[PDB]
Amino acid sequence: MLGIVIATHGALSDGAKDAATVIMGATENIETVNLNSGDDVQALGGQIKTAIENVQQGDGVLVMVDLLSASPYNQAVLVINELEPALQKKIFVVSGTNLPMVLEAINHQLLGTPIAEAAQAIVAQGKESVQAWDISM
């Protein structure tokens, strides 16, 4: 089954995962990594690899991060570079991660969707799910 690793600053990863459980009832094969104040980013790389390895079942791993170009994103990309080219081509990194994206990801987990096709699907959803509303509409 597709693996998911949500990596972020603070407890955002645990929260996104908590929110998905409230909506779905349960979740499976989803690890969360947190970068806290005073954490050495040197170690984040290690926690991200451990997590990826803990969800790899042979269908790839979706590494969902919070902020493009921030530490979680950087370390994720850098760790991927040091893995066997085999899974290396099955690991995708999505940024700007939001609940709709995590839900879409879980959806592909259940569907068995090939990760490359899943990644695009998640990116579309995420973007399309960002809109504003006001009383004038």
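In case it trips you up, residue 1 is the first one in the sequence shown, and so on.
Requested in this report: On mean C-alpha B-factor from the PDB entry, just flag whether 54-62 or 75-83 is the higher one.
Outcome: Taking the mean B-factor of the alpha carbons in each, 75-83 is higher.
Query - Which of 36-44 and 92-100 has higher mean CA B factor, as the PDB entry lists it - result: Looking at the recorded C-alpha B-factors, 36-44 comes out higher on average.
Query raised in the report: Out of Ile135, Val130, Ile6, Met1, which shows the largest CA B-factor listed in the entry?
Result: It is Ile135.
Report task. Determine, from the deposited record, the chain-internal third of the Cα B-factor for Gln109: lowest, middle or highest. Result -> Answer is middle: the recorded C-alpha B-factor places it there.
Query - B-factor third for the C-alpha atom of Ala19 within its chain - result: As the PDB entry reports it, the C-alpha B-factor of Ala19 lands in the lowest third of its chain.
Query raised in the report: Taking the C-alpha B-factors as the PDB entry records them, is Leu12 in the lowest, middle or highest third of its chain?
Result: For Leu12, the deposited C-alpha B-factor lands in the lowest third.
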